[PDB]
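Note sheet for the following structure.
Protein chains: 2
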Amino acid sequence: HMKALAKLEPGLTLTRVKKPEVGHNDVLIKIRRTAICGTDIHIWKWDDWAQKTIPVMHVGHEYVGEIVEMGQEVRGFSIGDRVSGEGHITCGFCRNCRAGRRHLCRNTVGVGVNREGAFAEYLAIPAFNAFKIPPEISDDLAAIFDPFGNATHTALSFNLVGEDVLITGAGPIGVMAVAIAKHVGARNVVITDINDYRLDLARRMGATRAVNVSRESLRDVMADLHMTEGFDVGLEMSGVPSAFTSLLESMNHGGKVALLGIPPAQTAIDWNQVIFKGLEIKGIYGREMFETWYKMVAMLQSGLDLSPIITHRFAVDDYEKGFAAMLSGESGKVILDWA
Amino acid sequence: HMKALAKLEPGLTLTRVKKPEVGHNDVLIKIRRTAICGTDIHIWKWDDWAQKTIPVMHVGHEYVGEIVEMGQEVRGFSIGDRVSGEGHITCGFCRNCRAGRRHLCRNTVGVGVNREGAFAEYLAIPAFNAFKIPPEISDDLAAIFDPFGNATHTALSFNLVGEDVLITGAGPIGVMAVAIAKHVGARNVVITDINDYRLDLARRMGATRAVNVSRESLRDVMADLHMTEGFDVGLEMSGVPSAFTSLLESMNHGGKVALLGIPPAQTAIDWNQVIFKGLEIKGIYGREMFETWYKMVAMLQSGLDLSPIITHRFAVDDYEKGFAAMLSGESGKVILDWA
Ligand SMILES: [Ca+2]
Ligand SMILES: [Ca+2]
Ligand SMILES: [Ca+2]
Ligand SMILES: [Ca+2]
Ligand SMILES: [Zn+2]
Ligand SMILES: [Zn+2]
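For the record, the sequence lines run as chains A and A'. A prime marks a further copy of an entry chain.
With the authors' numbering applied, the first sequence corresponds to residues 0 to 8, 11 to 57, 59 to 341, in that order.
With the authors' numbering applied, the second sequence corresponds to residues 0 to 8, 11 to 57, 59 to 341, in that order.
Next comes the structure, spelled out in structure tokens:
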């Protein structure tokens, strides 16, 4: 049996459950660190989709661990390799899985959502959903590779060299996009939100301005920076309609927009912004490919500093405090330690 | 004095007006052919914007003619050169005009809208808004260079080689985009509308299928062509919300969308189509640059056949019949002759 954080009955209980089975193509991962994700607080809340999807089962899916066992068909891994992995495990043999487009596999299950999650001592997943972490990258950073991949997918969508970048949303992914943008040559990087704590973190991660748009005018900020013509690149991270609206209004002619945050169903936009300015809008799908993760590793190996994004660390026994910190909204990523 | 087609009092009267003045940087064009544009029928109707903007003045802006006079500062033109030209004349000396982005000039006037138009024996415009037509291109084709430029701007936005292309809207610009798409290597080219006449013209210009979506199911058509995965490229020409909705639903993963038609203000779209499929959406601004027109000439010189797009020709005295044909909706482009 193994210790785990489960939805036994809101909240999560520190339960105890049997270890997972290892198929012919599975790796067995002994978990070292797990981050608390935005999906996780929905489960903790026993909220909308939480009451509709969780089997009731331990949750979680942002993790790093060391391989302790593998099936007899697993290729390319040693016992002892440190790995992180994706949030959704796929079939691995369909045409789409075989070509790396596992976001297209017709049989995806969510780790910690549809099946056993990473909030347990041991995690079994298919080898093709695992990603080896090199020893120069810490466990805490490895544990957030999945949201880092979304930030990278969004922020590297366009060339940023000497470009002015607007980011709407200072959640963890938006804050990582700030640091990426400066790393890859952006000029002005302006991020907006309504949370002073999250924006202060963004400033510490290199934002030119971190603008609380309920306290300060984005237009004023642009005039302060001598860029009244508008931004070259906009990364929409929040999914909030007013943020999207303000981002489109703030783009210059020929501006490029990456859409990561998911708008509500009846979101109307001013398509005159898109057409008259010739904007390019690119949807950033949720489940990035491992080619993104290889660029992630390379950036970390080049001195990209993501460390400020980790604001709280707790032992797994003290998981209650980690969800509290996440809930306040005054946190970056929160790490649970399983040592 | 010169003969002209004016809004003297709905409809347009064959009036008689003084010739235009020639500034230092103007060319004076003796008009040969003029096409009836979608803006023109709005003026003929005395409709929404027509009652709000026309000075009451001769209208029109799709033209070809021969230069008969020029100002003393005009460069690069001979008396006798055949020219077409853009729908909006600009200042020509601002930073944006000097770099060819006259769609960005802060002082643009609409030919036949804000100022004297092309429905007259003589037309004066700034030399930098004129474009020389080579002798191997007929006058009738030259007269439609402006909508042809919009079709080219839209259809060449993406690489089409071996790609399946969906075009929504079989107006003249959509029909020209069909012929362009096949010329530049597209595989399946499917166009939709609700007008059987316009679709039949599209079929004659090379459409794989021309689908009346009130009589026939686009989904059925795609299953007939073994492309259930969806289209690679979608060109939205109509501005109709249901057409836009159906186009987004019909794109495959990684699909590319060019947005030429202008949606109504409160158009909501399903952004899940954009994000989950990773679609790329590009706004096609109304006033394309002359780099587009040079590609247009090159395609015509390579055997692109636009001739079927001209469905009616009338003398200028018989202009009443030309507006009648345009109004029925059973026409391609309609040419008025001024010889
Ligand atoms: Ca991810
Ligand atoms: Ca710039
Ligand atoms: Ca045009
Ligand atoms: Ca295809
Ligand atoms: Zn699969
Ligand atoms: Zn200008």
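By construction, the Cβ of each residue, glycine as well, lies at the ideal position given by its N, Cα and C atoms.
N- and C-terminal bounds of the beta strand (DSSP E) containing residue i
i: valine 336 (chain A); result: 335-339
i: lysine 20 (chain A'); result: Taken as a continuous stretch (DSSP letters only), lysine 20 (chain A') belongs to no beta strand (DSSP E), as it is neither H nor E.
i: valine 57 (chain A'); result: Unbroken run through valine 57 (chain A'): none, as it is neither H nor E.
i: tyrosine 124 (chain A'); result: 124-128
i: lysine 134 (chain A); result: 132-134
i: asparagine 254 (chain A); result: 253-261
i: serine 159 (chain A); result: That residue, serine 159 (chain A), is in no beta strand (DSSP E); it is neither H nor E in DSSP.
i: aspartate 234 (chain A'); result: 233-238
i: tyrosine 65 (chain A); result: 64-72
i: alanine 5 (chain A); result: 1-5
i: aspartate 27 (chain A'); result: 27-36
i: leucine 168 (chain A'); result: 167-170
i: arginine 189 (chain A'); result: Element bounds for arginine 189 (chain A'): n/a, residue is neither H nor E.
i: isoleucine 81 (chain A); result: No beta strand (DSSP E) holds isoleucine 81 (chain A); DSSP gives it neither H nor E.
i: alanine 212 (chain A'); result: 211-214
i: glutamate 118 (chain A'); result: Taken as a continuous stretch (DSSP letters only), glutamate 118 (chain A') belongs to no beta strand (DSSP E), as it is neither H nor E.
Within-9 Å CB hit, residue i to chain A
i: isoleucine 277 (chain A'); result: yes
i: residue 345 (chain A'); result: No answer is possible for residue 345 (chain A'): it lies beyond the span of chain A', which begins at 0 and ends at 341.
i: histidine 255 (chain A'); result: yes
i: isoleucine 283 (chain A'); result: yes
i: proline 265 (chain A'); result: yes
i: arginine 103 (chain A'); result: yes
i: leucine 125 (chain A'); result: no
i: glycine 232 (chain A'); result: no
i: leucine 261 (chain A'); result: yes
Cβ separation of residue i and residue j, assumed to be a contact under 8 Å, to the nearest whole Å
i: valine 85 (chain A); j: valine 28 (chain A); result: 7 Å
i: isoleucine 135 (chain A); j: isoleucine 30 (chain A); result: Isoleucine 135 (chain A) to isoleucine 30 (chain A), Cβ: 11 Å. No contact.
i: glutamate 123 (chain A); j: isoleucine 32 (chain A); result: 6 Å
i: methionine 298 (chain A); j: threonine 154 (chain A); result: 5 Å
i: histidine 255 (chain A'); j: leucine 106 (chain A); result: 6 Å
i: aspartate 195 (chain A); j: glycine 171 (chain A); result: 6 Å
i: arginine 97 (chain A'); j: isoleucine 337 (chain A'); result: The Cβ separation is near 37 Å, so there is no contact.
i: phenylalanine 233 (chain A); j: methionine 207 (chain A); result: Incorrect: roughly 19 Å between the Cβ atoms, too far for contact.
i: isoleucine 169 (chain A); j: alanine 181 (chain A); result: With a Cβ gap of about 11 Å, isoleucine 169 (chain A) and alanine 181 (chain A) do not count as contacting.
Where residue i falls, given that 16 or more other Cβ within 10 Å makes a residue buried
i: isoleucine 146 (chain A'); result: buried
i: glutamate 293 (chain A'); result: exposed
i: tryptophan 295 (chain A'); result: buried
i: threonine 230 (chain A'); result: exposed
i: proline 149 (chain A); result: buried
i: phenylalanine 130 (chain A'); result: buried
i: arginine 104 (chain A); result: buried
i: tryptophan 50 (chain A'); result: exposed
i: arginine 108 (chain A'); result: exposed
i: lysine 335 (chain A); result: buried
i: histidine 60 (chain A'); result: buried
i: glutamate 238 (chain A'); result: buried
i: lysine 53 (chain A'); result: exposed
i: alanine 300 (chain A); result: exposed
Element boundaries [alpha helix (DSSP H), containing residue i]
i: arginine 100 (chain A); result: 97-100
i: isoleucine 277 (chain A); result: 273-278
i: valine 180 (chain A'); result: 174-185
i: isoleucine 312 (chain A'); result: Taken as a continuous stretch (DSSP letters only), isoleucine 312 (chain A') belongs to no alpha helix (DSSP H), being part of the beta strand (DSSP E) at 312-317.
i: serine 140 (chain A); result: No alpha helix (DSSP H) contains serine 140 (chain A), which DSSP labels as neither H nor E.
i: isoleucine 42 (chain A); result: 39-45
i: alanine 225 (chain A'); result: 220-226
i: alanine 300 (chain A'); result: 292-303
i: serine 330 (chain A); result: 321-330
i: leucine 201 (chain A); result: 198-206
Cutoff 9 Å: residue i Cβ touching any chain A' Cβ
i: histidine 228 (chain A); result: no
i: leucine 168 (chain A); result: no
i: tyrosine 287 (chain A); result: yes
i: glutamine 268 (chain A); result: yes
i: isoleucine 175 (chain A); result: no
i: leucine 106 (chain A); result: yes
i: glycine 89 (chain A); result: no
i: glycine 280 (chain A); result: yes
Heavy atom of ligand 8 within 8 Å of residue i beta-carbon
i: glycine 119 (chain A'); result: Summarising the ligand content, the structure contains ligand 1, ligand 2, ligand 3, ligand 4, ligand 5 and ligand 6 and does not contain ligand 8.
_Within 5 Å of ligand 1: residues by beta-carbon to any heavy atom_ = A:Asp148, A:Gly151, A:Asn152
*Give me every residue whose Cβ sits closer than 5 Å to any heavy atom of ligand 5, in chain order.*
A:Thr92, A:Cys93, A:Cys96, A:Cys99, A:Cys107
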